[PDB]
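Quick note: the sequence shown uses PDB author numbering, first residue 3, plus one each step.
Backbone N, C-alpha and C fix where the C-beta goes; we use that ideal spot for every residue, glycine too.
Let me begin by presenting the structure, written as structure tokens, before commenting on it.
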Amino acid sequence: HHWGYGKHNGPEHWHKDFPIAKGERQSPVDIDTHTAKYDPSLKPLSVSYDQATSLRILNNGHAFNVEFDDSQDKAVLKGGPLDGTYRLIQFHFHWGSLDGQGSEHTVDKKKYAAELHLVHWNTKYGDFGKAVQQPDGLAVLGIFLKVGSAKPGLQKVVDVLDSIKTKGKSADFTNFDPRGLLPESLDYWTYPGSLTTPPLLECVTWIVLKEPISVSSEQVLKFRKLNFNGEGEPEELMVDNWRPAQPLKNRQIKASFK
Ligand SMILES: C[C@@]12CCC[C@H]1[C@@H]1CCc3cc(OS(N)(=O)=O)ccc3[C@H]1CC2
Ligand SMILES: [Zn+2]
């Protein structure tokens with residue numbers, strides 16, 4: 003009886019195995035745009051993905067992860083609210099059963115169709131596993147998806163999903179350029195939080211871009227054909243793999259822009 007997104011093992015149950023679920027810096031949160039304060043001391047984000055080397059795509063039973071070779075200092079996030087350099091390890095999405103829901107963060111309670119997370123680890127901790135044990139170990143860049151025009155840079159991801167339908171399937175996925183998933187603007191909100199799935203570790207500086215990307219209805223429909231289950235198990239569509247907004251508690255959301 004492992005965690006997931008259903009009635010019996012979903013977000014409202016997670017605290018039993020992972021008590022930090024009710025902790026002081028849980029994610030996601032609602033971003034109240036009027037209360038978020040402009041912080042003129044924040045720097046522009048530096049997203050340097052020119053040398054990013056993707057390796058593989060994996061259905062892990064909750065989402066699909068596009069994994070990167072992080073053995074060298076290549077694809078890095080720095081600047082913004084961050085001290086030091088954070089290395090890209092994977093990206094993944096959260097999405098809905100319908101276009102009206104799917105994002106984890108919300109903006110004045112608005113839910114987007116999906117949300118992309120580019121996960122990076124602080125190089126001062128040497129590797130990913132050690133970084134998640136630290137309060138500044140990860141930086142996750144969050145990008146909202148709305149349904150409209152297709153995102154051409156997403157289609158290579160969409161087309162490989164047929165080959166990783168079920169939990170535990172992976173496929174080679176080289177030479178994928180994550181710069182094709184970014185909006186024009188790097189205006190962002192930032193706050194201290196957590197992983198949004200178990201083990202819910204409070205190790206993340208969240209950087210959430212204001213500008214959504216547009217993807218087509220057909221692109222997101224293909225996300226919804228994936229399966230939570232393994233091959234030869236009852237088919238459970240991989241939809242609504244988002245955690246709802248959590249209490250903000252004693253935190254401030256800062257804006258990079260006026
Ligand atoms: C803690 C860990 C090692 C043991 C288990 C591992 C978890 C699994 C769940 C998870 C979900 C995420 O999604 S998100 N949405 O927070 O970016 C991002 C990262 C991890 C990793 C990080 C590394
Ligand atoms: Zn995520």
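Scanning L202, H64, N177 for the CA closest to the CA of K167 turns up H64. DSSP lists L60 as the bridge partner or partners of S172. Under the three-state reduction of DSSP output, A257 falls in the strand class. Cβ atoms of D34 and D110 come within 8 Å of each other, at about 6 Å.
In the DSSP assignment, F130 falls within the unbroken alpha helix (DSSP H) covering 130 to 133. If you draw a straight line from the Cα of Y127 to the Cα of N177, it is about 27 Å long.
Counting every other CB atom within 10 Å of its CB across the protein chains shown gives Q248 a total of 16 or more, marking it as buried. Its chain contains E213 as the residues whose beta carbon lies nearer than 8 Å to that of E186, once the 5 sequence neighbours on both sides are disregarded; these appear in chain order. DSSP places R181 within a helical segment (H, G or I) once states are collapsed to three. A direct Cα-to-Cα measurement between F130 and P13 gives close to 24 Å.
Rounded to whole angstroms, the gap between the alpha carbons of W208 and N11 is 26 Å. By the 16-neighbour rule on beta-carbons within 10 angstroms, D32 is buried. Unbroken beta strand (DSSP E) stretches of 3 residues or longer found wholly inside the region 205 to 229: 206 to 211, 215 to 217, given in chain order.
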